[PDB]
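The chain below stands alone and is given in structure tokens; this is the form deposited in one PDB entry.
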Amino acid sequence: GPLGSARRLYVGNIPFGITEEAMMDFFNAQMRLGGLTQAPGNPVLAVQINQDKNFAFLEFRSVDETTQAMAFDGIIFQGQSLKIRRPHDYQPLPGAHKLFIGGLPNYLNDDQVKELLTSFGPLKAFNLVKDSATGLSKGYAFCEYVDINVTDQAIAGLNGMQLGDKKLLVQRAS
């Protein structure tokens, strides 16, 4: 990015020998049947297939329809479950999926707290709030995952859960 790749999606596991036209027709028909289209006409403008590596890139007419179409992840097309993803180049804007982690033992250092979070996936940002004059923990931290799909996995696996004699709070910071 920062503003790049907003109107394309990766589609993996496409059926063998399928055409660009046929894939286009399929996605345009689903957008309509599922009520995800936001104006009259076709949301998908073009499809590019790599037949050797069995994947496609769809290009959409709008930003919001690209986002809506991700709800089709897993849809079966000619026997095949399609893998729908953002382009590698796509990044959300900074602080969009920042997490607050509260209810931590205050005797734990930074690497020890990071350990629990990186079990779900890699981090692109982390800070453990400390009393700068003494250096000691305040019992809470902030972080952001490299993969934004992991955010809800960390919340689901850590929020409301027992850690020592204290219960964690894990939620979006804003």
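Start at 1 and count along the sequence shown; that's the residue number.
J.: Which of the two stretches, 82 to 90 or 95 to 103, shows the higher mean Cα temperature factor in the record?
T.: On average, C-alpha B-factors are higher across 95 to 103.
J.: Going by the mean C-alpha B-factor recorded in the entry, which is higher: 4 to 12 or 164 to 172?
T.: The deposited B-factors put 164 to 172 ahead on the C-alpha mean.
J.: Of the options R61, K53, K124, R32, which has the highest CA B factor as deposited?
T.: Of the options given, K124 has the highest CA B-factor in the PDB entry.
J.: Highest Cα B-factor in the PDB entry belongs to which of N109, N28, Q48, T66?
T.: Among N109, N28, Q48, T66, the PDB entry lists the largest C-alpha B-factor for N109.
J.: For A141, does the deposited CA B-factor place it in the lowest, middle or highest third of the chain?
T.: Tercile = lowest for this residue's CA B-factor.
J.: Using the B-factor values recorded in the entry, state whether the Cα atom of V44 falls in the lowest, middle or highest third among the modelled residues of its chain.
T.: Lowest third.
J.: Classify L36 as lowest, middle or highest third according to the C-alpha B-factor given in the PDB entry, relative to its own chain.
T.: It falls in the middle third of the chain.
J.: Taking the entry's C-alpha B-factors for this chain, is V113 in the lowest, middle or highest third?
T.: Answer is middle: the recorded C-alpha B-factor places it there.
The next section is about a form of this same protein that is not shown, the form deposited in another entry.
J.: Report the direction of the Cα distance change between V47 and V146 in the other form, compared with the displayed form, as closer or farther; the change is 3 Å or more.
T.: Closer together, which means the C-alphas of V47 and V146 are at least 3 Å nearer in the other form.
J.: Which is it in the other form for the CA atoms of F72 and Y145, closer or farther than here, knowing they shift by 3 Å or more?
T.: Relative to the shown form, the pair is farther apart.
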